[PDB]
Amino acid sequence: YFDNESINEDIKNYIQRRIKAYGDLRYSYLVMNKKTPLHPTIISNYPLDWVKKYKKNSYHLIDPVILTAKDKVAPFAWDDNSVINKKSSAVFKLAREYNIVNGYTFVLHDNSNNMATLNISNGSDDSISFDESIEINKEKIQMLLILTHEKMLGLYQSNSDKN
Amino acid sequence: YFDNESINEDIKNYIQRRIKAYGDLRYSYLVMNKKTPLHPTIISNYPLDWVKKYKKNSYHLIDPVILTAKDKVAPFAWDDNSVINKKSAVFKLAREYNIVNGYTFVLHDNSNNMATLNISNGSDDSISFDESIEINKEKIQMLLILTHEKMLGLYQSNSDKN
């Protein structure tokens, strides 16, 4: 579905140019078809090794953040009560190993059965100023998710039309 | 079926306190599910019998704005080319109540609902309304998101206590 490497590199540059307005953010943009969810598209500036282990073990299938996002429309912090209940592990060990612990998820569902998430966490920043920046810019970051997804859908429609 | 008038009243309160911050706006919050296509839910401050006729003739099925919203994830104006490219009874009815040049904010959820917040000018002048909707579009999208999250949560609670 979303397997085109050159489009995905354009989307990555699009996200990365705009996400830095909010600080030094680590992010992943994960797009999952909810009827065939085994192979999601992952565009991210997390460490390459994290991404490889996450894909190889299909960790999104047991990731409490992803499992919570599938039932939501509004953004949530990773300590919100819905995330903590599915926590009752392996995905969170991998995350802690790569200093990915404090974070937020913005979610979008579209009319093609896709779920798109923008998951963001602090990298070079203290967690307090990171959290305040996300709390203040929540509406703008959600719009970034919406315009990224819209952009990606248009590029794939355009690429299929050319072929 | 979102039939609880007590919840829908609370949703209406929630929207009107917050939507007034962007000006004197008219709106309809429309939620539809393909499992009940002829019974959509409308929370709105439009003229009451505009709602009645819209609901009566099931105009959401042929409304160019709603048909465009199904392909959208980002907000759009009613005079955008993608709407025009779908543009007659719903048009005529719309003109009678002065619901002319507006904007639509769109949301899909994981229960196969589509929610739209449809917004048009009230008393203000057309230009300041347009500038308002465009400087505040992120906030208004978030208002739709939080309204819908609140409605789902209230219907969830009501079902559990039953």
# chains A, B, ... in the order shown; residues from 1 in each chain; ligands from 1

$ interface_residues --of "chain B" --to "chain A" --cutoff "9 Å" --atoms "only C-alpha atoms" --output "compact mmCIF listing (two decimals) with N, CA, C and O atoms, in the first residue's frame"
# COMPACT_ATOMS: atom_id res chain seq x y z
N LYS B 70 -16.07 13.07 2.72
CA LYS B 70 -15.73 11.65 2.73
C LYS B 70 -14.36 11.38 2.12
O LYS B 70 -13.72 10.38 2.46
N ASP B 71 -13.90 12.22 1.21
CA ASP B 71 -12.57 12.05 0.65
C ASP B 71 -11.51 12.86 1.38
O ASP B 71 -10.35 12.87 0.95
N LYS B 72 -11.87 13.55 2.45
CA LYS B 72 -10.98 14.53 3.06
C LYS B 72 -10.53 14.10 4.44
O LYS B 72 -11.20 13.36 5.17
N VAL B 73 -9.39 14.66 4.82
CA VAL B 73 -8.97 14.61 6.20
C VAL B 73 -8.68 15.99 6.76
O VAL B 73 -8.80 16.22 7.98
N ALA B 74 -8.44 17.00 5.89
CA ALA B 74 -8.11 18.39 6.16
C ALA B 74 -9.33 19.30 5.96
O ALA B 74 -10.22 18.98 5.18
N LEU B 107 -13.61 14.59 10.46
CA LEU B 107 -13.03 13.61 11.36
C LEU B 107 -13.63 12.24 11.07
O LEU B 107 -14.85 12.10 10.95
N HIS B 108 -12.78 11.22 10.96
CA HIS B 108 -13.26 9.84 11.01
C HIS B 108 -12.80 9.20 12.31
O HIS B 108 -11.76 9.59 12.86
N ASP B 109 -13.57 8.23 12.81
CA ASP B 109 -13.17 7.51 14.01
C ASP B 109 -13.09 6.01 13.70
O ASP B 109 -13.29 5.58 12.57
N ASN B 110 -12.78 5.22 14.72
CA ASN B 110 -12.60 3.79 14.52
C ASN B 110 -13.89 3.01 14.67
O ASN B 110 -13.86 1.77 14.61
N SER B 111 -15.02 3.67 14.91
CA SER B 111 -16.32 3.02 14.87
C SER B 111 -17.03 3.28 13.56
O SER B 111 -18.26 3.13 13.49
N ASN B 112 -16.30 3.69 12.52
CA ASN B 112 -16.85 4.00 11.21
C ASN B 112 -17.86 5.15 11.27
O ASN B 112 -18.79 5.22 10.46
N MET B 114 -18.31 9.14 10.57
CA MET B 114 -17.69 10.35 10.06
C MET B 114 -18.35 11.52 10.77
O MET B 114 -19.58 11.60 10.83
N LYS B 137 -8.09 27.90 12.30
CA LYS B 137 -8.53 26.60 11.80
C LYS B 137 -7.99 25.44 12.63
O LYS B 137 -8.68 24.43 12.82
N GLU B 138 -6.75 25.55 13.15
CA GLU B 138 -6.20 24.48 14.00
C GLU B 138 -7.00 24.34 15.28
O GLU B 138 -7.25 23.22 15.76
N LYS B 139 -7.38 25.46 15.87
CA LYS B 139 -8.16 25.43 17.11
C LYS B 139 -9.54 24.85 16.85
O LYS B 139 -10.06 24.08 17.67
N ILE B 140 -10.15 25.20 15.72
CA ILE B 140 -11.48 24.71 15.39
C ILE B 140 -11.44 23.21 15.07
O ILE B 140 -12.35 22.46 15.44
N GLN B 141 -10.39 22.75 14.38
CA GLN B 141 -10.25 21.31 14.18
C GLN B 141 -10.15 20.60 15.52
O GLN B 141 -10.77 19.54 15.71
N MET B 142 -9.38 21.16 16.45
CA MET B 142 -9.25 20.57 17.76
C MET B 142 -10.58 20.61 18.51
O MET B 142 -10.89 19.70 19.26
N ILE B 145 -12.46 17.63 17.27
CA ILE B 145 -11.87 16.42 17.85
C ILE B 145 -12.33 16.21 19.30
O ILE B 145 -12.66 15.09 19.71
N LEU B 146 -12.32 17.28 20.10
CA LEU B 146 -12.62 17.14 21.53
C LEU B 146 -14.12 16.99 21.76
O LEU B 146 -14.54 16.26 22.67
N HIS B 148 -16.11 15.44 19.61
CA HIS B 148 -16.40 14.05 19.27
C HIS B 148 -15.88 13.09 20.34
O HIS B 148 -16.57 12.13 20.71
N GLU B 149 -14.67 13.32 20.85
CA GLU B 149 -14.18 12.49 21.95
C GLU B 149 -15.13 12.56 23.14
O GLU B 149 -15.38 11.54 23.81

$ residues_around --residues "residue 59 of chain B" --least-positions-apart "3" --cutoff "12 Å" --atoms "only C-alpha atoms" --output "PyMOL selection string"
chain B and resi 30+37-40+50-56+62-67+88-94

$ write_last_selection --atoms "N, CA and C atoms" --output "PDB file, in the first residue's frame"
ATOM      1  N   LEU B  30     -22.402  17.199  12.478  1.00  0.00           N
ATOM      2  CA  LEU B  30     -23.117  16.104  11.834  1.00  0.00           C
ATOM      3  C   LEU B  30     -22.295  14.828  11.945  1.00  0.00           C
ATOM      4  N   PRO B  37     -27.507   4.805   7.618  1.00  0.00           N
ATOM      5  CA  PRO B  37     -27.270   5.942   6.711  1.00  0.00           C
ATOM      6  C   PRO B  37     -28.402   6.950   6.672  1.00  0.00           C
ATOM      7  N   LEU B  38     -29.619   6.566   7.019  1.00  0.00           N
ATOM      8  CA  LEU B  38     -30.751   7.474   6.906  1.00  0.00           C
ATOM      9  C   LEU B  38     -31.119   8.110   8.234  1.00  0.00           C
ATOM     10  N   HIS B  39     -30.286   7.949   9.259  1.00  0.00           N
ATOM     11  CA  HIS B  39     -30.534   8.553  10.567  1.00  0.00           C
ATOM     12  C   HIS B  39     -29.250   9.168  11.089  1.00  0.00           C
ATOM     13  N   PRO B  40     -28.769  10.232  10.454  1.00  0.00           N
ATOM     14  CA  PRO B  40     -27.610  10.939  10.993  1.00  0.00           C
ATOM     15  C   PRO B  40     -28.025  11.819  12.160  1.00  0.00           C
ATOM     16  N   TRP B  50     -34.715  24.242   8.864  1.00  0.00           N
ATOM     17  CA  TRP B  50     -33.702  23.798   7.913  1.00  0.00           C
ATOM     18  C   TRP B  50     -33.216  22.398   8.272  1.00  0.00           C
ATOM     19  N   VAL B  51     -32.925  22.170   9.556  1.00  0.00           N
ATOM     20  CA  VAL B  51     -32.587  20.831  10.036  1.00  0.00           C
ATOM     21  C   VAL B  51     -33.687  19.845   9.679  1.00  0.00           C
ATOM     22  N   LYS B  52     -34.945  20.243   9.885  1.00  0.00           N
ATOM     23  CA  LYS B  52     -36.068  19.337   9.667  1.00  0.00           C
ATOM     24  C   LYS B  52     -36.127  18.867   8.219  1.00  0.00           C
ATOM     25  N   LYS B  53     -35.957  19.790   7.267  1.00  0.00           N
ATOM     26  CA  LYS B  53     -36.039  19.426   5.854  1.00  0.00           C
ATOM     27  C   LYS B  53     -34.788  18.685   5.399  1.00  0.00           C
ATOM     28  N   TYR B  54     -33.608  19.161   5.811  1.00  0.00           N
ATOM     29  CA  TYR B  54     -32.365  18.439   5.542  1.00  0.00           C
ATOM     30  C   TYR B  54     -32.471  16.994   6.007  1.00  0.00           C
ATOM     31  N   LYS B  55     -32.902  16.794   7.254  1.00  0.00           N
ATOM     32  CA  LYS B  55     -33.075  15.444   7.784  1.00  0.00           C
ATOM     33  C   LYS B  55     -34.190  14.695   7.056  1.00  0.00           C
ATOM     34  N   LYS B  56     -35.288  15.385   6.738  1.00  0.00           N
ATOM     35  CA  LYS B  56     -36.433  14.737   6.096  1.00  0.00           C
ATOM     36  C   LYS B  56     -36.054  14.143   4.742  1.00  0.00           C
ATOM     37  N   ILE B  62     -26.580  13.499  -0.694  1.00  0.00           N
ATOM     38  CA  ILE B  62     -26.299  14.181  -1.950  1.00  0.00           C
ATOM     39  C   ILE B  62     -25.637  15.535  -1.751  1.00  0.00           C
ATOM     40  N   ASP B  63     -25.351  15.931  -0.523  1.00  0.00           N
ATOM     41  CA  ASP B  63     -24.758  17.242  -0.274  1.00  0.00           C
ATOM     42  C   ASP B  63     -23.328  17.271  -0.799  1.00  0.00           C
ATOM     43  N   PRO B  64     -23.003  18.135  -1.778  1.00  0.00           N
ATOM     44  CA  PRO B  64     -21.624  18.187  -2.307  1.00  0.00           C
ATOM     45  C   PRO B  64     -20.573  18.364  -1.230  1.00  0.00           C
ATOM     46  N   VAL B  65     -20.902  19.108  -0.171  1.00  0.00           N
ATOM     47  CA  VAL B  65     -19.977  19.334   0.938  1.00  0.00           C
ATOM     48  C   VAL B  65     -19.699  18.031   1.691  1.00  0.00           C
ATOM     49  N   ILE B  66     -20.743  17.252   1.983  1.00  0.00           N
ATOM     50  CA  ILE B  66     -20.549  15.991   2.701  1.00  0.00           C
ATOM     51  C   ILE B  66     -19.866  14.970   1.804  1.00  0.00           C
ATOM     52  N   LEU B  67     -20.245  14.923   0.521  1.00  0.00           N
ATOM     53  CA  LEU B  67     -19.604  13.988  -0.402  1.00  0.00           C
ATOM     54  C   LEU B  67     -18.129  14.299  -0.564  1.00  0.00           C
ATOM     55  N   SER B  88     -29.684  19.175  -7.074  1.00  0.00           N
ATOM     56  CA  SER B  88     -29.743  20.632  -6.975  1.00  0.00           C
ATOM     57  C   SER B  88     -30.695  21.070  -5.860  1.00  0.00           C
ATOM     58  N   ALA B  89     -31.465  20.109  -5.338  1.00  0.00           N
ATOM     59  CA  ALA B  89     -32.445  20.417  -4.299  1.00  0.00           C
ATOM     60  C   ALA B  89     -31.772  20.905  -3.019  1.00  0.00           C
ATOM     61  N   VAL B  90     -30.647  20.289  -2.642  1.00  0.00           N
ATOM     62  CA  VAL B  90     -29.945  20.706  -1.432  1.00  0.00           C
ATOM     63  C   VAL B  90     -29.363  22.106  -1.600  1.00  0.00           C
ATOM     64  N   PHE B  91     -28.936  22.460  -2.816  1.00  0.00           N
ATOM     65  CA  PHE B  91     -28.469  23.822  -3.069  1.00  0.00           C
ATOM     66  C   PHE B  91     -29.588  24.833  -2.847  1.00  0.00           C
ATOM     67  N   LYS B  92     -30.740  24.606  -3.483  1.00  0.00           N
ATOM     68  CA  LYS B  92     -31.866  25.520  -3.333  1.00  0.00           C
ATOM     69  C   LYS B  92     -32.245  25.682  -1.866  1.00  0.00           C
ATOM     70  N   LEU B  93     -32.424  24.566  -1.154  1.00  0.00           N
ATOM     71  CA  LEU B  93     -32.764  24.640   0.264  1.00  0.00           C
ATOM     72  C   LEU B  93     -31.732  25.453   1.035  1.00  0.00           C
ATOM     73  N   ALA B  94     -30.450  25.265   0.717  1.00  0.00           N
ATOM     74  CA  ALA B  94     -29.400  26.002   1.410  1.00  0.00           C
ATOM     75  C   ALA B  94     -29.544  27.504   1.204  1.00  0.00           C
TER      76      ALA B  94
END

$ select_by_dssp --residues "segment 11-61 of chain A" --states "helix (DSSP H, G or I)" --output "list in words"
residues 11, 12, 13, 14, 15, 16, 17, 18, 19, 20, 21, 22, 48, 49, 50, 51, 52, 53, 54, 55, 56, 59, 60 and 61 of chain A

$ select_by_dssp --residues "segment 9-161 of chain A" --states "strand (DSSP E or B)" --output "PDB file with N, CA, C and O atoms, in the first residue's frame"
ATOM      1  N   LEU A  25      12.649  17.370  18.677  1.00  0.00           N
ATOM      2  CA  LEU A  25      11.727  16.269  18.874  1.00  0.00           C
ATOM      3  C   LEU A  25      12.251  15.019  18.178  1.00  0.00           C
ATOM      4  O   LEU A  25      12.761  15.087  17.062  1.00  0.00           O
ATOM      5  N   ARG A  26      12.132  13.884  18.840  1.00  0.00           N
ATOM      6  CA  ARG A  26      12.146  12.614  18.137  1.00  0.00           C
ATOM      7  C   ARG A  26      10.701  12.253  17.812  1.00  0.00           C
ATOM      8  O   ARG A  26       9.790  12.538  18.597  1.00  0.00           O
ATOM      9  N   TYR A  27      10.490  11.643  16.647  1.00  0.00           N
ATOM     10  CA  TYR A  27       9.136  11.349  16.206  1.00  0.00           C
ATOM     11  C   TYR A  27       9.108  10.045  15.423  1.00  0.00           C
ATOM     12  O   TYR A  27      10.098   9.651  14.786  1.00  0.00           O
ATOM     13  N   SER A  28       7.947   9.399  15.424  1.00  0.00           N
ATOM     14  CA  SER A  28       7.637   8.424  14.383  1.00  0.00           C
ATOM     15  C   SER A  28       6.250   8.707  13.822  1.00  0.00           C
ATOM     16  O   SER A  28       5.311   9.018  14.565  1.00  0.00           O
ATOM     17  N   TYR A  29       6.144   8.625  12.501  1.00  0.00           N
ATOM     18  CA  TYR A  29       4.886   8.695  11.786  1.00  0.00           C
ATOM     19  C   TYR A  29       4.595   7.271  11.304  1.00  0.00           C
ATOM     20  O   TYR A  29       5.313   6.740  10.454  1.00  0.00           O
ATOM     21  N   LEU A  30       3.579   6.643  11.888  1.00  0.00           N
ATOM     22  CA  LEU A  30       3.232   5.253  11.626  1.00  0.00           C
ATOM     23  C   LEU A  30       1.839   5.231  11.025  1.00  0.00           C
ATOM     24  O   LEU A  30       0.902   5.776  11.626  1.00  0.00           O
ATOM     25  N   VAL A  31       1.705   4.616   9.845  1.00  0.00           N
ATOM     26  CA  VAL A  31       0.434   4.496   9.138  1.00  0.00           C
ATOM     27  C   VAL A  31       0.110   3.016   9.006  1.00  0.00           C
ATOM     28  O   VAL A  31       0.907   2.240   8.460  1.00  0.00           O
ATOM     29  N   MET A  32      -1.055   2.636   9.499  1.00  0.00           N
ATOM     30  CA  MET A  32      -1.457   1.254   9.620  1.00  0.00           C
ATOM     31  C   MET A  32      -2.830   1.069   8.987  1.00  0.00           C
ATOM     32  O   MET A  32      -3.769   1.799   9.334  1.00  0.00           O
ATOM     33  N   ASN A  33      -2.973   0.124   8.063  1.00  0.00           N
ATOM     34  CA  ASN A  33      -4.304  -0.245   7.604  1.00  0.00           C
ATOM     35  C   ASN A  33      -4.948  -1.124   8.665  1.00  0.00           C
ATOM     36  O   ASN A  33      -4.381  -2.151   9.049  1.00  0.00           O
ATOM     37  N   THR A  41       3.572   1.417   7.601  1.00  0.00           N
ATOM     38  CA  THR A  41       4.619   2.323   7.132  1.00  0.00           C
ATOM     39  C   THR A  41       5.156   3.126   8.305  1.00  0.00           C
ATOM     40  O   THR A  41       4.386   3.730   9.058  1.00  0.00           O
ATOM     41  N   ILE A  42       6.473   3.155   8.456  1.00  0.00           N
ATOM     42  CA  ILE A  42       7.092   3.860   9.563  1.00  0.00           C
ATOM     43  C   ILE A  42       8.093   4.853   8.995  1.00  0.00           C
ATOM     44  O   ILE A  42       9.061   4.460   8.335  1.00  0.00           O
ATOM     45  N   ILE A  43       7.857   6.136   9.254  1.00  0.00           N
ATOM     46  CA  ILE A  43       8.768   7.210   8.887  1.00  0.00           C
ATOM     47  C   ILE A  43       9.172   7.885  10.191  1.00  0.00           C
ATOM     48  O   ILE A  43       8.301   8.310  10.955  1.00  0.00           O
ATOM     49  N   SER A  44      10.481   7.978  10.456  1.00  0.00           N
ATOM     50  CA  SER A  44      10.914   8.258  11.824  1.00  0.00           C
ATOM     51  C   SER A  44      12.355   8.750  11.863  1.00  0.00           C
ATOM     52  O   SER A  44      13.173   8.374  11.020  1.00  0.00           O
ATOM     53  N   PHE A  76      -3.052  12.069  23.139  1.00  0.00           N
ATOM     54  CA  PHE A  76      -2.891  11.613  24.506  1.00  0.00           C
ATOM     55  C   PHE A  76      -1.404  11.494  24.825  1.00  0.00           C
ATOM     56  O   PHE A  76      -0.574  11.245  23.942  1.00  0.00           O
ATOM     57  N   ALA A  77      -1.085  11.658  26.101  1.00  0.00           N
ATOM     58  CA  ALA A  77       0.251  11.418  26.621  1.00  0.00           C
ATOM     59  C   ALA A  77       0.443   9.938  26.910  1.00  0.00           C
ATOM     60  O   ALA A  77      -0.509   9.232  27.246  1.00  0.00           O
ATOM     61  N   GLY A 103       6.457  11.074  26.218  1.00  0.00           N
ATOM     62  CA  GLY A 103       5.995  11.279  24.857  1.00  0.00           C
ATOM     63  C   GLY A 103       4.498  11.419  24.752  1.00  0.00           C
ATOM     64  O   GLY A 103       3.762  11.277  25.732  1.00  0.00           O
ATOM     65  N   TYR A 104       4.067  11.706  23.524  1.00  0.00           N
ATOM     66  CA  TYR A 104       2.674  11.963  23.179  1.00  0.00           C
ATOM     67  C   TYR A 104       2.361  11.322  21.842  1.00  0.00           C
ATOM     68  O   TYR A 104       3.237  11.208  20.979  1.00  0.00           O
ATOM     69  N   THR A 105       1.089  10.985  21.642  1.00  0.00           N
ATOM     70  CA  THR A 105       0.626  10.469  20.364  1.00  0.00           C
ATOM     71  C   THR A 105      -0.579  11.263  19.873  1.00  0.00           C
ATOM     72  O   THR A 105      -1.541  11.480  20.615  1.00  0.00           O
ATOM     73  N   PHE A 106      -0.507  11.683  18.614  1.00  0.00           N
ATOM     74  CA  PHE A 106      -1.579  12.327  17.868  1.00  0.00           C
ATOM     75  C   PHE A 106      -2.112  11.313  16.857  1.00  0.00           C
ATOM     76  O   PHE A 106      -1.331  10.583  16.237  1.00  0.00           O
ATOM     77  N   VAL A 107      -3.437  11.216  16.713  1.00  0.00           N
ATOM     78  CA  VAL A 107      -3.989  10.127  15.913  1.00  0.00           C
ATOM     79  C   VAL A 107      -4.968  10.676  14.885  1.00  0.00           C
ATOM     80  O   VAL A 107      -5.597  11.726  15.076  1.00  0.00           O
ATOM     81  N   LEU A 108      -5.048   9.976  13.756  1.00  0.00           N
ATOM     82  CA  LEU A 108      -5.954  10.314  12.679  1.00  0.00           C
ATOM     83  C   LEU A 108      -6.467   9.020  12.056  1.00  0.00           C
ATOM     84  O   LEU A 108      -5.671   8.144  11.715  1.00  0.00           O
ATOM     85  N   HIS A 109      -7.779   8.915  11.863  1.00  0.00           N
ATOM     86  CA  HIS A 109      -8.365   7.828  11.091  1.00  0.00           C
ATOM     87  C   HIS A 109      -8.930   8.385   9.794  1.00  0.00           C
ATOM     88  O   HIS A 109      -9.548   9.448   9.794  1.00  0.00           O
ATOM     89  N   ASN A 114      -7.311   3.458   7.114  1.00  0.00           N
ATOM     90  CA  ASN A 114      -5.987   3.685   7.663  1.00  0.00           C
ATOM     91  C   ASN A 114      -6.075   4.416   8.987  1.00  0.00           C
ATOM     92  O   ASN A 114      -6.973   5.237   9.215  1.00  0.00           O
ATOM     93  N   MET A 115      -5.111   4.129   9.843  1.00  0.00           N
ATOM     94  CA  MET A 115      -4.872   4.890  11.050  1.00  0.00           C
ATOM     95  C   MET A 115      -3.470   5.458  10.930  1.00  0.00           C
ATOM     96  O   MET A 115      -2.523   4.727  10.647  1.00  0.00           O
ATOM     97  N   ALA A 116      -3.332   6.759  11.111  1.00  0.00           N
ATOM     98  CA  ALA A 116      -2.032   7.428  11.081  1.00  0.00           C
ATOM     99  C   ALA A 116      -1.764   7.998  12.465  1.00  0.00           C
ATOM    100  O   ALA A 116      -2.659   8.583  13.075  1.00  0.00           O
ATOM    101  N   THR A 117      -0.558   7.788  12.981  1.00  0.00           N
ATOM    102  CA  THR A 117      -0.162   8.333  14.269  1.00  0.00           C
ATOM    103  C   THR A 117       1.124   9.115  14.084  1.00  0.00           C
ATOM    104  O   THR A 117       1.982   8.729  13.278  1.00  0.00           O
ATOM    105  N   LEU A 118       1.236  10.227  14.815  1.00  0.00           N
ATOM    106  CA  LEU A 118       2.486  10.965  14.959  1.00  0.00           C
ATOM    107  C   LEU A 118       2.850  10.865  16.436  1.00  0.00           C
ATOM    108  O   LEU A 118       2.129  11.378  17.300  1.00  0.00           O
ATOM    109  N   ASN A 119       3.911  10.134  16.729  1.00  0.00           N
ATOM    110  CA  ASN A 119       4.335   9.845  18.090  1.00  0.00           C
ATOM    111  C   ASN A 119       5.600  10.649  18.339  1.00  0.00           C
ATOM    112  O   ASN A 119       6.519  10.612  17.520  1.00  0.00           O
ATOM    113  N   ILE A 120       5.637  11.429  19.419  1.00  0.00           N
ATOM    114  CA  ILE A 120       6.725  12.386  19.599  1.00  0.00           C
ATOM    115  C   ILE A 120       7.222  12.295  21.031  1.00  0.00           C
ATOM    116  O   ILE A 120       6.442  12.099  21.967  1.00  0.00           O
ATOM    117  N   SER A 121       8.527  12.480  21.204  1.00  0.00           N
ATOM    118  CA  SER A 121       9.139  12.359  22.516  1.00  0.00           C
ATOM    119  C   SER A 121      10.375  13.251  22.546  1.00  0.00           C
ATOM    120  O   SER A 121      10.947  13.578  21.498  1.00  0.00           O
ATOM    121  N   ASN A 122      10.789  13.650  23.754  1.00  0.00           N
ATOM    122  CA  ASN A 122      11.885  14.610  23.856  1.00  0.00           C
ATOM    123  C   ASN A 122      13.224  13.917  23.640  1.00  0.00           C
ATOM    124  O   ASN A 122      13.417  12.766  24.036  1.00  0.00           O
TER     125      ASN A 122
END

$ atom_distance --atom1 "atom CA of residue 143 of chain B" --atom2 "atom CA of residue 129 of chain A"
24.6 Å

$ atom_distance --atom1 "atom CA of residue 35 of chain B" --atom2 "atom CA of residue 151 of chain B"
18.4 Å

$ closest_residue --among "A:55, A:64, A:136, A:1" --to "residue 36 of chain A" --atoms "only C-alpha atoms"
A:1

$ residues_around --residues "residue 123 of chain B" --least-positions-apart "2" --cutoff "9 Å" --atoms "only C-alpha atoms" --output "PyMOL selection string"
chain B and resi 23-25+121+125-126

$ write_last_selection --atoms "N, CA and C atoms" --output "PDB file, in the first residue's frame"
ATOM      1  N   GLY B  23     -16.077  34.075  16.819  1.00  0.00           N
ATOM      2  CA  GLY B  23     -16.969  35.045  16.226  1.00  0.00           C
ATOM      3  C   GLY B  23     -18.402  34.640  16.434  1.00  0.00           C
ATOM      4  N   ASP B  24     -19.303  35.297  15.698  1.00  0.00           N
ATOM      5  CA  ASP B  24     -20.714  34.909  15.684  1.00  0.00           C
ATOM      6  C   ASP B  24     -20.903  33.905  14.557  1.00  0.00           C
ATOM      7  N   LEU B  25     -20.794  32.627  14.899  1.00  0.00           N
ATOM      8  CA  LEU B  25     -20.789  31.547  13.928  1.00  0.00           C
ATOM      9  C   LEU B  25     -22.091  30.761  13.995  1.00  0.00           C
ATOM     10  N   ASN B 121     -20.971  31.991   8.329  1.00  0.00           N
ATOM     11  CA  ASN B 121     -20.993  33.272   9.010  1.00  0.00           C
ATOM     12  C   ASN B 121     -22.382  33.572   9.564  1.00  0.00           C
ATOM     13  N   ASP B 125     -19.331  40.603   9.270  1.00  0.00           N
ATOM     14  CA  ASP B 125     -19.098  40.787   7.849  1.00  0.00           C
ATOM     15  C   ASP B 125     -18.340  39.584   7.292  1.00  0.00           C
ATOM     16  N   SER B 126     -18.512  39.354   5.990  1.00  0.00           N
ATOM     17  CA  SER B 126     -17.994  38.139   5.375  1.00  0.00           C
ATOM     18  C   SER B 126     -16.471  38.063   5.459  1.00  0.00           C
TER      19      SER B 126
END

$ residues_around --residues "residue 6 of chain A" --least-positions-apart "5" --cutoff "12 Å" --atoms "only C-alpha atoms" --output "PyMOL selection string"
chain A and resi 11-13+43+152+155-156+159
